[PDB]
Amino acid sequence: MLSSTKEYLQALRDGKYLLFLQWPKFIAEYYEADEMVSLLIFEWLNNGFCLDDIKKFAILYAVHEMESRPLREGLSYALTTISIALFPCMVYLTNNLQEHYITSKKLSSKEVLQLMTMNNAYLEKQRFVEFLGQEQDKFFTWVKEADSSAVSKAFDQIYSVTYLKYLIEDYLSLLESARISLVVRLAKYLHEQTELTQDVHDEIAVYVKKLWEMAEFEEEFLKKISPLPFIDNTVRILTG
């Protein structure tokens, strides 16, 4: 967990996206999803919502729509949730309401929703919606204009990790209903990683091997996780 919304919006600008998606998990401990989206509107405006922020999300969102769906479930909630917030912020920054939102004081969840309720007076319910639609439009075009080198490179980055997360997640339920307490750590280990570090792929093999100790179906999964320890492990016996 990071210390600030400012650090999370840094990760976003730093193309750190697996990390930035934890932003809504941060606001969870620092204060329903009705409340949630409004916290992130407050949080983003007080933390320097800009055009660059929108534009760098349009990469992330474009990655989300990829047919290979690297971001799914928990991560996909994170992504869409935040996106629901980005549009109101987009309405606010455009019609110059961003100020009534910006403050000094350290507010509480109840007090936040309080002023956002009051601020609703500055925007008729009918126009809020009209701008929301236009801001959506203006966004989705930037989603289309998203530089494909940036999108692509981002994708490997995310999916490098993400793939194993599902591959492993699936290895678990298949095993539970077919050692288990063991794998959950590999699930919880990998859960924490933002990227596959060459040091991280090392700790993986330190898992794969340790399972062998405790089924023909488990096979092709390890083969898809850490092939090399297998090739070693099998040849070791073949010389008996």
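All residue numbers refer to positions in the sequence shown, first residue = 1.
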Problem - Missing residues, deposited sequence, between residue 214 and residue 215 (class: none, 1 to 3, 4 to 9, 10 or more) - result: 1 to 3
Fill in the blank from the handout: What lies unmodelled of the deposited sequence between residue 31 and residue 32 amounts to 4 to 9
Practice task
With reference to the PDB entry, specify whether the mean Cα temperature factor is higher for 3-11 or for 230-238.
Solution key: 230-238
Exercise for the section: Could you check which stretch, 99-107 or 159-167, carries the larger mean CA temperature factor in the entry? Expected result: 99-107
Handout entry: Criterion, highest CA B-factor; candidates, 62, 186, 54, 36
Key = 186
Exercise for the section: Can you pull the Cα B-factors for 119, 134, 76, 152 from the entry and say which is highest? Expected result: 119
Exercise for the section: Select lowest, middle or highest to describe the third in which the CA B-factor of residue 113 falls within its chain in this entry. Expected result: middle
Practice task
State the tercile, meaning the lowest, middle or highest third, of residue 58 with respect to the CA B-factors recorded for its chain.
Solution key: lowest
Exercise for the section: Taking the values exactly as deposited, rank residue 66 by C-alpha B-factor within its chain and report the matching third: lowest, middle or highest. Expected result: lowest
Practice task
Taking the values exactly as deposited, rank residue 47 by C-alpha B-factor within its chain and report the matching third: lowest, middle or highest.
Solution key: lowest
Practice task
Please place residue 127 in the lowest, middle or highest third of its chain by C-alpha B factor as given in the entry.
Solution key: highest
